[PDB]
Every structure is written in structure tokens, then in C-alpha cells.
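[1] can't give you the sequence, but here's the structure:
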DNA sequence: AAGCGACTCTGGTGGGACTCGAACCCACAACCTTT
Ligand SMILES: [Zn+2]
Ligand SMILES: [Zn+2]
């Protein structure tokens, strides 16, 4: 127990786990990531066909302009103007606080950061999916199979000198004919190489490997080129939204050779890559409750077939009936990849040992849950709830030990609404969560090797990032015509006097007492939240929601000298290894 | 052909573990479940008219105490467990805290005391003529169970307890020169001492010739412990050896025994399949029995390491029509496929052929069963598909042809968690669960066991007439199909009667008289148990006549052995003169062989009476009648149906069908009647217990 | 069913309250199907040895002597008009031999009614050695303890006697629902009327008896009929 | 003093079991009800 106050204004015993998590995450990645994997799966220019304007029109999300919004920033003078931005466009970063907002044309339902090796200093990208229509909503029990666009957004390099005046750039998108995308996961490491890598004209330097959980019941795997390598091949006069039709590296689907009998598994709902080198397994969760594993390198004629176009179709090597109801979320253990956790709409969290799938390590029945996060250093998992079964005033976010330490669930944050999405920063040891209330909070977990019951006042460990309010001005147009989004942003520069600052009072008056609104579209609701996995930009967060606006925030108060210390030493090591 | 049989069997607890349904040679069906093993005992009930399957239900309780694998001193292990859990390395600490092998119980961990796997021994392994049950919990307690009385299973031995001590006494070294006494405080050696004794799966050998049976236990590290049990198995006393062979197979998933005969030369091995895909037969290089011998060198059946886990193995003896020799067919479930391999000894040695029969299922195969008499395979997946898969001989090796059986048509939309097949292929038993209802999930889950007829009555009747095994108890599942028909139609189908009379005329061995007695007793039950009264009296007269015939044949055989061994002048345990009088009592049967045998005996018999006495009186019992003896005071003593001695003891043995009674053997009995008292019941071939 | 098993079955068809020796002979004499032996005094010693030598049977001394059984026969089974009437013809409702006192929440899981369950003492090791050899004759046992000698079958035997061979031993029942089933069991061929169970056996709301009876119907351990009680009023009452 | 980690002390809700209130049903006597 370390006394005194950090310069960011949190007590040192509250910040001390955050500082420890930097070393533990670095030591893990040195041992269990790798610099290059899947050396065959590299992008080819002839596999990327640019759509004309007439061909792209079915795929673009249908709203051409955002809702009107204004952003108020704690302690600054009031803006008072209303912004509105075109689809595939961004406002400029605020000069002091570097928050960026951009619009994707539809409600955001998948989002991931492109992972980049430590010290690389690369350009940072997010891949996301926003549904074609703001008001259409899809059943779980049915395969959708419609069109959709996978969007790749560059955020800049997010260096301090780069952030003032930064803007998000829509670098390209892939027109998919595979329905909506319910999850996105990049290969955790070894997928990225320098954009300057000399490669022969058919080949392109590789930006990442991206797996898509499609609403038509299959997983699609893409290898992504760096944008400049495409634009060098692209005609110079081409249409400025670069929409491509792209061949998969592989399509991953449940079945067997010559087994014409279509699988009952239904829609693919969630993904997890194998966290550890060589990342050779990918898992998915299905609507029927099965968890399904594909052995990505597999040569075996019983699992791999090559289609006439040259793409692979991969059948799984292992499947088991994890849940008695739709398995909504997976997390695969980083510290030892024999273990995986899943949660399903039977409202059980089940821990698995993949060597022994016949019985879970531990089943805990809980409230219905939307997403899980497994922070590397902690044996348990933090859970986001759908509120529909929680006791009023006890709904929120819980950390749950996997069971050996035997602690009770730790109530990290009360929330009134359903938390739609959750993301744990391994580098920060903090967690961020988005609510149908339209509020984004962050919370610092205690060191969960130690019994949480001593955490006598958890509210000192959480803070809001922003809240979206509808201000008057059941369907999108009737809502947009009569409301605008007031985004209220916290001063994340420091947490001094936190519990007396108005954003905390506003949040604390939200918790427990505020009543959910059901006579509207929920236009303020936040659907995905993602901390950066990269050591560069480790303190950055991205979020998006029903508005189809996507917002980026730097949590300046949790960035720290050890992160700078580690970024520079990693820069030196990287610059020595690659030149 | 496939239709449901009427009783669904409700299960109180969740079905649990690997490949959870099995059907023993003893017609007891076990389902391994989270709180017990439920055992369903199929009785061809001759005392009731109900057309259902008469399923007697028993269970093995789950253990009350969690099992800790011994890896060191009680204090030495405790300081090590503290060291690992407190470790600041995420990998070491979380590897310890997540793996349930190191943590069989905890403060907030559910106890893993339900059953992982179960295997049925061959018949004749129990202290009675019955089979033993090997049962494995998920906390790695391996136990052998028997049902000595009918009501309650008792644990005969815990094999994990013994093996843990025998490893500890050798410091966890198999060869004492080969390794150091590595420090338990090293996580690799700590994990090893757990891994080297965590049982995956186990299987019984056939009966080795005094009888013996092996049990091979597969461990996570690829060791196999081959236990040898002396028979009848009564506990730790009967464990003749334990020997560990190092398979070296990484992550071994499944085990089965290979036993085979060519030119009357016996051979055997263990076939072992990895979770990572390959399949290999080990030569069992170590054994003590002299009559068997073992394969000379390992053969690789599948080498690919494709990581399709070998979930199940079965094999069946066959005779190949074109190679004109006996061969062994191996079938193994590998993901959603069935691997098959045919093993054929010839002048070239082993000739081997293999393939994957493909397109069976769109999900992994959750269970597999082999029809031992035909090699018909059944395979199943949790989408509720079951596929019948028929081996068809090819000029060399085989082809497999297969067809779905529509469980949808008999049970509706259903999930299937396991299948089993009756020893003659008469029934398929299925663990059904509520299926997806038009794409919706079922709200509530309730496991059941359900049965479907695999064979028509006409095929069951024909196969019983042409039965090579000629014991009814080996065929309870076929005579149950015959029973169902007779109870349904209240008459014996004429072609079966005519064919049976032809067999009794042309062969007349007591098997056919036993088969006649079964049909007539089920007929009597069918007709509501005064033309009906006249018909009841007529057929009851026929039952009594054939029941009397079977009695004379047994009495003749008993006296036809009293004559062969040394004459028991003290008349010690057989009412010899009473039986002679009973056989001579009528001239109605002309069999001179009996009439001269009782002549030779009565010439040799003592003039001293040596009568049987009623223990409540010390007064004679006259031997008036087959079933029971009486005295002037009016006491009634049943007679042992194997030896006709009166069952005056406070405990005696009763047939599975209660149709017949037998005495317990005593130390005063000579060996030859101690062997005679092990005969099955003369009327129904069921165990007399 | 075998004679030796029919003895142990009858001992197990009384509940946890068990039998006195004179009650046991009365139960065997009234058995259907008939008991095979003549039940002579020498036979009673033989059957007594069959109890003492059986490890599941157990013996207790209760604080007070139990009443002897009535003639249980419930039904008239005659008429003067055409046919016969098998309506209930009421015996005198004398003091019940087996008043309901449910053994709730037992840590060993044994269940049933017994008014003295906490008060009676085991005398198994007085009646037999731990090697199951009988230490007393029947006449010595009845001389020493009289009606205070109580014979009880093990829970496994008692529950088996309620469910038969086709029944599933894994099924736990609530204590009140088990005590309904046990109250049926000791009635043998002439089951209790549901009217009488709630009115005078359990002394509860008819809603309570129905509710606790539900599980026995759901698992199918009991069979339901409408039946007729001929009152001294001459009118006759419907009951289950 | 100011601070910490067990150890309590205090209002609030759900899980399964169970009280609750209702209509429904027997079989009889009353007789209204009919040629
Ligand atoms: Zn006598
Ligand atoms: Zn018999």
C-alpha cells in the first residue's frame, strides 16, 4: 500500500496497478507475440478490384450526413455552434484536447484497432462496420446475407506533434456481400510490416489480418495492404471513396467435406484469435451456442479446400456446445491459451479448458451479458450486463474472479442502462464501457490479486469520458429533425478534485436515480468502445454508436512517464531491428 | 424398421462427461451424469403383460469426497501450491489457478465429482456371473463398481488411490536410473506428477484364460497402466499386477483394446489415438499370461496429426468373404468423420487398408457404436442426426455405405447427446434433449434416454432360431422384440411356432426347449394372465410339460455326473436316491440312457438312507416334487434348482427373472458341484446370482 | 415374490416408524398375495433370524409401548340390491398407530414420519453382533422389550418399497411429499383417501395436500381414482 | 493525530416455495315443473 497523491490527482494506491500493468504487458508480448506470421497470406493487387461510383452505391451506408451535434468541453467556453459532417468525413481535432469526431453513415456495430508492433510509430488505423440503415434491426434467429461495407479509417500517427489539427481519413473500404458484421478481430501480432518494405509489383506490404463475423454464418479472413500501396496501383483519377471488392484469404464456416447438410449453427456472433504465438487458431461463437475453432494453417484435405477462385474454405477442427442459448461473447486467455471464457444469452459465464471441453472449469450464472474483457494480469473477467434481469440499482459492471481466489464479484460501476460494449486496456489496466444512456465511463480496477472487499469506495476509481444528450431542437428522421446531440466531454487532463467536478456530479446523479427513455430511437446510445492495444497511442480510446458518429479520446491522465519511458526504449529497439 | 419403443426414461441430473451412453453385454445401460451413474437394466419380464420395456433402474452415487492426486508430502505440496498461486508471473500463476487438476476443490469452484467416463467389463468379471463397471470421476477418481445384491452398487476398489501410492513409493520414477528425484517446487515437475497420473479413459480387455481380465488406463502424459485382475474380482485382493507402458503419444485422447486370432494363434495390442489426430496400435510388450501373445511392433493407422481429435474407437471381428480369412475392422471417430482401418493377417503379415468415410455430419461426431455381430456403425452429433453406416465387403478390404435415420420422424426436433446399441443390434438407445423449435432455443433442458427398434420381429425371430450363441440371456434384446409382438397380438406367429417345432424335432437341444418355454410364458401373459379359461389351462399345461422336460434333462445331467466322480457315499449334498426315484417315477419317457444310469447308480448307492432333514424339525423331507419340500409339521422349503437340495439357508440365490432359485456353494461341496452351481438358470439362462 | 423378500418388504412398507413384533405377524397374516409359510412359532424364530442377520434392518427401543393395529379393511363389499357396493364402510377412527410427525431437513437425507425419531435408542448391537450373528431369540427379544422393540428398514430399502424396481432411486422428494407417499405405502392395497389425508392425517388445507401431492403425480409414483364413501347418513360422499 | 484492514451494522431485492382466491365438480334432496 503506497501512500501519497500522484501528480494526476489520483492516490498512488489507486494508480499503482496502472503503472504495474505496463511492465506485465511488455513482458508478455516479448515472450508470446511475434514479428512475422502467416507469411503466405499477403495482399495481391489483382485481388483488390476498385468499384466504380455506380457499383459502390448499394454498399455505402445510406445516411449522407450526420445528425447535428455540438461538443462542450469541461471548463472551456461554450461553443454554441452546431456541427454537421458528411459521411466519410471528420471534424478537426480540438487543439488542446485532441478529441476527433467522424461520421460513418450508419449505426456502428463493429470496431477494432489495427495492431502494430511496439515502437513502430506507424500510422494508426481502425476498422469498423456501420449498418446500412439507421432504423432497420435484424433478428438473431435468421441469416441476413445482405450487403455491407467494411470501413478502414486512419487516425494519423497520434504523436503529440501530430494531434493538433489531426483528422480521421477514410482510406478505403471493402464492399461485402455477406450481411452485416457482428464482430471484428485483427490478428494480435505478426500481421504488420513496414509500408516501405520492397515487394514486387503484384504484392503489397501487409497492414493486418482481419477476421469478420458475418450475419450469414461464416467468418471471413482478409489480409489488408497499406493504403499507399493500393493508391500507387489505383488510377490517379479514381473516385475518392476507395471502395473495393476483395477476395477473402479464407472463408471460415461450419461443416465437413461433402456434407451438403447445412449447419444449424446460424449467425456467427463473436470471434477470438488465439492470443499467443503463432496465433494459429481462430474461434467463433454461434447463435446455436456452439464455439467453433479453425486451424488456420491447416494443409489437411479434411479441413482445407481451395475454391476455383483460389480462396480457401476452412472447416473447423473442433466444435463444442458451450451454451444452451446464443453465445454472445468470447475472450481467450492471454496468460495461458489452453483456457477460454464465453458468455451466452443463457446468462451464464463459462470458463473452459480447451484440452477438456466436456465440462467447464467454472460456470457462474449471472445477469444477461453483452461483452467480456479479460485483462492480462488478472485471473478473472469483467462483465457488461444487459439490465433486463438485474435488480434495480444493482445493475452495472462487475469483475468476476475465475474462482481460485474466491472473491465475491466486484461492482466496479453502477449503470442505469445496458452497457453495450466493454474494452480492457492491458497497458492501462483500466476498462471503458458504453451505455444506452449515451455515457462513456472509464474505471480503474484494483490489483485483483488482492481481495476487493477492502476497496471501501469504488467511486473514486471511475470517471466519465463523455455523455451524449439529445437536446430538443421512434424513427431516425423524426428524431434527427427535432433533436441534436450535445456531447459533454470531461477534462481528462487531470483528476484533481474529481468528486466535486460537475461531470462526476452529473454522472453520480445519473447512477441509481436516472430513468431510461424508451419513446425514442436511443440516438445517443454508444455501441462499441475500444482502447488502443498498441503501445504507441496506448492512452487513446475510440467509441461509436447509434448516431454513426465515431469519437476518439486521449485519456491524458492515465498516460504516464513509464509509458513514455517504455515507448522510447521500444522505439530504440525497433529502430535497431528494422531500418 | 426404425420405430420408437414406448418408455422414455427420465434423467434427474445433467448428462456428464465423455461419450456418456454405453450398453453392456449384460443388458445394463449406463448413463454418466453429474450426480450419479444411472443404470438401466433391461428385463424380459415374464410375470407381467405390459408391452413396454421393463427397465429396472439403479444408480452409482457420485463420491462425497473430492480426490487429490498425490504429488508429494502433505506439507511439501502445500508450500508449493502457495508458491505458484502467489507467483507474480501471469503465466505460472494463472496456469495454476485455472487448471482444475491442481484445484479439484476450492472456495468458489464447483466440485467436479460427477463422472467423466464409464466402461463395462466383459461378463463373468463380478463375484456373481455378471460384469463389473469401471467408473471415472472428473476429479480423476477411478473406481470399480459391482452390484452384488440387486439394490445397491458398492465400490470394490479405488485404483487412483493405489496407483498414487505406488508412484509415491517410487518417487514418480518408472525406471529408477532414468531420472532424478526432480524438485516438486518446479512447475514442470509439479505439472508432470499430476499429468502422469490423470486418467483420460480406460477399457477392459477380454477374459484372459483361472480367469483374468486386464484394464488399461490412459493418462494425460501418454503413460498407460495395464492392471491385471484375477477373476472373480472381489477387491484389492484380486489385483494381480499393475504395469505402466510409456506410449509416448502426445495428448492421447482415446484407447481401445485390439484382440485378434489367426490360425488359432492369439495376438493382441492396444490401439491409441491422439487428440492431435494420429492413431497407432501399441504392442502390449508386458504381460504375465502364457496363452496370449502380443503384437511385435507398433503399426501406424493414421499418421497425419491433422488435429481432428480421435473422439472414439471401436473394432469388430469379421470374416472377409473374398480374402477367405478372419480380419479386424477398426473404426474411429475423427472430428465429424469416421476413420476406418481393416487389419488382416496373411502370409505377408499385416495387410492394412484405411480411409475416411466422408460427408456424414456437419458437426463433430459426439458418439459412435459398433454392432459387434455385423460391423454396422452408428454415429451421432448434437444436431440430432444419427447415421447408419454399413460395411460392405470389397474384393480387397471394404467400402462403407451409409444412410441417415430420421429421429425427427419418431421424436421430432431433438438434440442427441449419445447413442448405444444393444448387444445383438436389436435396439438403439439415444440420449435425447429438447431440440431447436423452428430456430428458437428450447426454454428448459431435460435429458432422457429413448430407444428405437433396429430390427423387425421377423428378423429377431429368425436370428434366435439360427442363433449360434444359443443362450437366451445373450439375446434378451432379441427375445424382447419377440415378446413385444406376442403381447401385442396375443398369439404366437405361426411361422415361428412351425420353425421352432422343426428345430426341436431335428435338433432338440435344450436351447430350443428354453425358447419354447419363453414363447409359451409370454403367450400366457398376453391372454390376460369359458374358452379363455380352457385356453389358459391348455397353455399352462404345455408350459408345465416343457418345464418338466427341462427338469428331467438337468436331473439326468446331475446324476450323469454323480456317476462319474468318486461316489459320495455320505450323500452329502445331492438327494441322489430321491432324484433316481423321481426319474424312475414314470415310464412315460423311454430314455434308456437315464433308466440305465439310475440303474448303475442304484446298484452303487448305499443301502444307508442318509436322508435330508428339515432344520426346524430334524425330520425327513420326502422329495415329492420339483419345486419345494414339506414335512409333517408343515414347513415348506424351496429346492435349489441346480442341485435340488433344499434352500434352508437364510440367504440363497435368485434368478434375474425370479423364475428359478439356487443354493450358495459351501466349503463342504466338492469342486465339481462348486462348478455346477455356477451354471445359469436351467429355465431362462439368466444369472441365478 | 419370494417369502424371505416378502418379509423384508413388509418391514419396509411401514415407514420410518417401523413395526412392533405383534404388528409384523399381523402384517404377514393380512398380506396379499398370501404369505407362503404357516408362520408357526418355530417359523417366527426363523423369520426373526432373517431380520437380525440382515444388515439393512435396524432395531430401536421407543419410550412407550405402541398400540396394536386395527382391522384396516376399509370397504363394505356387499349389497342387498343387485350387485355389491364397495364403498368405504367406516371403522371406528381409533387413535392412529402412526400419527404424522415429519422428519424435516434431515442431514443424512432419511425421510418419513416418526413421533419418537429423536427419542428412541438403537439396540441393534444388543440384538446382534457386528458380525450379524443374532444375539437373542425372538421370544427373548419380545420378553425383554415387548412392544417397545421397533423394527425399521434402511432408507434405501424403504424408498425402494415405495417406487418398485422400475422406479428411479435418484429422485429426491420434498419431505412433505415423501410423507404423503410413505402414508400411502403403509396402507398397502387400500390407499388413503385424499379427503382423509388432509382432514385427519396431515390436518392441513386441501390446497396444501393437493400442492404437495402434485410432485407424486408429476413423477407418476401414485395413481388417481374417484371413490365413494357411504356415510351413516346413508348418503354417500365423493372423494379421491 | 492521520491512516489502514479487517469486522461488522444497516436498508433493498430475488429465488423457489407456498399461500391465496377463484371456478369446477358430486350426489343428494327439494320441487318446481311437466302431460
Ligand atoms: Zn419342518
Ligand atoms: Zn431362472
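    Sure thing, it's come through. Numbering: from 1, shown residues only, chains lettered A, B, ... in the order given. Ligands and ions are numbered 1, 2, ... in the order given.

[2] in stretch B:249-265, what counts as buried?
    For stretch B:249-265, the buried set under the neighbour-count rule, 16 or more other CB atoms under 10 Å in any protein chain shown, comprises B:249, B:252, B:253, B:254, B:255, B:256, B:257, B:258, B:259, B:260. Yep, even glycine has a C-beta here, placed from its N, CA and C like the rest.

[3] just the residues you listed now: which is nearest residue B:160?
    Nearest to residue B:160, judged by CB to CB, of the buried residues of stretch B:249-265 is residue B:255 at 16.5 Å.

[4] Setting aside sequence neighbours, what's the nearest residue to that closest one?
    Distances taken as CB to CB, 6 or more residues apart in numbering or on different chains put residue B:218 closest to residue B:255, at 4.4 Å, once the chain neighbours are dropped.

[5] Identify the residues contacting residue 162.
    No chain was given, so I picked chain A. Counting by CB atoms under 8 Å, 6 or more residues apart in numbering or on different chains, residue A:162 touches residue A:156.

[6] I was thinking of chain C, sorry if that wasn't clear
    By CB under 8 Å, 6+ apart, the residues touching residue C:162 are C:181, C:182, C:184, C:185, C:221.

[7] give me that answer again for 6 Å
    C:181, C:185 (CB atoms under 6 Å, 6 or more residues apart in numbering or on different chains).

[8] and it, that one's in a strand?
    No: according to DSSP: H, G, I helix; E, B strand; the rest coil, residue C:162 belongs to no strand; its state is helix.

[9] Okay, the residue of the stretch 151-300 of chain A found nearest ligand 1 and residue A:182: tell me how far apart.
    In the stretch 151-300 of chain A, the residue that lies nearest ligand 1 is residue A:289 (69.4 Å; CB to the ion). Using CB to CB, to the nearest Å, one obtains 15 Å as the distance from residue A:289 to residue A:182.

[10] before we move on, what about residue C:99?
    The gap separating residue C:99 from residue A:182 is 65 Å, by CB to CB.

[11] neighbour-wise, which of those two wins?
    residue A:182 (24 against 13; other CB atoms under 10 Å in any protein chain shown).

[12] Now that one: phi and psi?
    Backbone geometry at residue A:182, expressed as degrees, to the nearest 10, gives phi -90, psi -20.

[13] Next, count neighbours for residue B:122.
    Other residues near residue B:122 come to 17 when the count uses other CB under 10 Å.

[14] isn't it right next to residue B:207, touching?
    Yes: using CB atoms under 6 Å, residue B:122 is in contact with residue B:207, at 5.3 Å.

[15] In the stretch 51-200 of chain A, which residue sits nearest DNA strand D?
    Nearest residue of the stretch 51-200 of chain A to DNA strand D: residue A:140, at 22.0 Å (CB to the nearest atom of the strand).

[16] Find the pair from the buried residues of stretch B:249-265 with maximum spatial separation.
    Farthest pair in the buried residues of stretch B:249-265 (CB to CB) is B:253 and B:260. Separation: 22.7 Å.

[17] Now do the strands in chain C.
    In chain C, the strands defined using DSSP state E lie at C:57-61, C:121-122, C:149-153, C:227-230, C:236-239.

[18] So which residues on chain C come close to chain B?
    Within chain C, the residues that sit near chain B (CB under 6 Å from any CB of the partner chain) are C:38, C:42, C:50, C:53, C:165, C:168, C:169, C:170, C:171.

[19] run the last query once more with 7 Å
    C:2, C:36-38, C:42-43, C:46, C:49-50, C:53, C:156, C:160, C:165-171 (CB under 7 Å from any CB of the partner chain).

[20] quick one: contacts for the residue in the stretch 51-200 of chain A positioned nearest to chain B?
    Of all residues in the stretch 51-200 of chain A, residue A:141 sits closest to chain B, at 4.2 Å by CB to the nearest CB. Shown in contact with residue A:141 (CB atoms under 7 Å, 6 or more residues apart in numbering or on different chains): A:266, A:287, B:439, B:440.

[21] which of these count as buried?
    Buried members of these, scored by 16+ other CB under 10 Å, are A:266, A:287.

[22] Please enumerate the strands of the stretch 101-250 of chain A.
    A:108-113, A:125-130, A:148-154, A:169-176, A:181-186, A:206-214, A:219-225, A:243-246, A:250-252 (DSSP state E, counting those that start in this stretch).

[23] any chance of these in JSON lines, plus distance to residue B:15?
    Formatted as JSON lines, these follow (distance: least, CB to CB, whole Å):
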{"stretch": "strand A:108-113", "distance to residue B:15": "36"}
{"stretch": "strand A:125-130", "distance to residue B:15": "39"}
{"stretch": "strand A:148-154", "distance to residue B:15": "40"}
{"stretch": "strand A:169-176", "distance to residue B:15": "40"}
{"stretch": "strand A:181-186", "distance to residue B:15": "31"}
{"stretch": "strand A:206-214", "distance to residue B:15": "30"}
{"stretch": "strand A:219-225", "distance to residue B:15": "30"}
{"stretch": "strand A:243-246", "distance to residue B:15": "45"}
{"stretch": "strand A:250-252", "distance to residue B:15": "30"}
